[PDB]
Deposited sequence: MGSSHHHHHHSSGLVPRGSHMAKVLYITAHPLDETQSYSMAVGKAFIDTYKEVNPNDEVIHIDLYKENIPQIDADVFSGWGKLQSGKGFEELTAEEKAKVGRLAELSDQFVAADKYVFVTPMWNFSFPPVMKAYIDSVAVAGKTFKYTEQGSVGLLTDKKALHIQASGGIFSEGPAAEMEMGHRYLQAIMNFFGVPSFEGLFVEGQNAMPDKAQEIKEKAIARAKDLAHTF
């Protein structure tokens, strides 16, 4: 039945991270409710997510100019092939769950490397400006932040959800939702309640996502 990419960008586990704990409650409940679904954890700190580098440009340039994958160097093939797998896996899925901590207003670097690995002309978008191809998908972003960024002055500083929002628009993903676990550092006295309330929200959302 449906394929769901549970995409995490956190080097810590659900015992040490508010985003991972919330995500964990979400995705556990999602599998409970949808036992038939293909739920794939993409762990961006365990998988190799190649940044686009000189080898990638050179490997791509070769393929572009008619060359065979055989003709790439070992490094070019390893990076290029990995990016192709990432790309293919993303298009093949039905639903996306991104889970991130807020670091300096946005997400860990590897979340940008993941987006770069799946943003591929002819797969997630096409030139026209551009139009998105992923017109039958859905996505959720679970984001943790020390202070409050969903409301108030700080909302103009929020840049991680804002970026993923732009990308979802770019890919033509028709349904996108934010679930924020926010304010636990600005209000340490309210940290457990903030967490638990976000968990309850996540488990409810998992019953219809």
query	finding
Missing residue ranges, deposited sequence indexing starting at 1	1-20, 149-150
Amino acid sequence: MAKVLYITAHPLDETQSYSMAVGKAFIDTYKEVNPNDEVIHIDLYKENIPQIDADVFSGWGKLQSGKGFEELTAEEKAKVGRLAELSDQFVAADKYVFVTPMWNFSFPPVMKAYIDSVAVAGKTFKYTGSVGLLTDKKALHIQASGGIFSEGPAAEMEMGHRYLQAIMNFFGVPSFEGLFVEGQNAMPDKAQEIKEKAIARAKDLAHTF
From here on, numbers count along this sequence of modelled residues.
query	finding
178-186 set against 43-51, stretch whose average Cα temperature factor tops the other in the entry	178-186
Segment of higher mean CA temperature factor, 63-71 or 154-162	63-71
Peak C-alpha temperature factor (PDB record), options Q89, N104, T128, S117	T128
Of the residues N34, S145, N169, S58, the one carrying the largest Cα B-factor as recorded	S58
Ranked C-alpha temperature factor of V97 among modelled chain residues, by third	lowest
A121 - Cα temperature factor, lowest/middle/highest third of chain	highest
Chain thirds of CA B-factor: placement of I194	middle
Assigned third (lowest, middle, highest) for the C-alpha B factor of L5	lowest
